[PDB]
Amino acid sequence: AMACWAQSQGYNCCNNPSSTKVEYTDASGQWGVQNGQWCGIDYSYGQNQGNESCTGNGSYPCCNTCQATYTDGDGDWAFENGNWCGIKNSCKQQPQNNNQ
């Protein structure tokens, strides 16, 4: 739960970036205020495989399958239900982050 590219400068990770409002955008990426705190929008900011979110939230829906036939600059991707959906963050690894 800590791998946002915004922190590299000093900012913090914007929890639930898959639904965060990006009122800002520079050459660093995207930024938004969540819960009264500045943070970049990193769908893959470093969240465990606890099914916290899904990939492809940039425009398409979630796949639900852990079969990423293709990976892009936004994570992994798969073809499910005859649609281009992203792989669920839970479909990454099992030992994601120690037991709480």
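Method-wise, the PDB entry is recorded as coming from solution NMR.

Visitor: Hey, could you go over the overall build of the chain for me, with residue numbers and the actual values?
Guide: Helix and strand counts for the chain come out as zero helices and seven strands. Tracing the chain from N to C terminus, the helices and strands come up as β-β-β-β-β-β-β. For 100 residues, the compact-globule estimate of 2.2 N^0.38 gives 13 Å, and the C-alpha radius of gyration of the chain, at 14 Å, lies within 12% of that figure. Its C-alpha atoms put the chain at 35 × 30 × 20 Å along the principal axes. Each of the 100 residues in the chain was classed as buried or not, and the buried ones make up 31%. Carbon and sulfur atoms provide 40% of the accessible area of the chain, an area that totals close to 6300 Å².

Visitor: Tell me about the state of the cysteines, and name the residues and values.
Guide: Under the counting rule described, the total for this entry stands at five disulfides. Bridging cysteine 14 to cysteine 39, the disulfide has an S-S length of 2.0 Å. Taking the sign of the S-S torsion, 40° for the link of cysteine 14 and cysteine 39, the bridge is right-handed. Taken together, the residues span a long stretch of sequence, with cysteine 14 in the loop between β1 (12-13) and β2 (24-26) and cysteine 39 in strand β4 (residues 38-40) at a distance of 25 residues.

The rules behind these values
Residues numbered from 1 in each chain as written, not as in the entry; some residues may be left out. Heavy atoms only, no water. Helix = DSSP H or I, 4+ residues; strand = E, 2+ residues; numbered from the N terminus. Rg over C-alpha atoms; globule rule 2.2 N^0.38 Å. Buried < 20%, exposed > 50% of the residue type's maximum accessible area, 1.4 Å probe, protein only. Areas by Shrake-Rupley, 256 points an atom, 1.4 Å probe, with all protein chains shown as cover. Disulfide = S-S within 2.5 Å.

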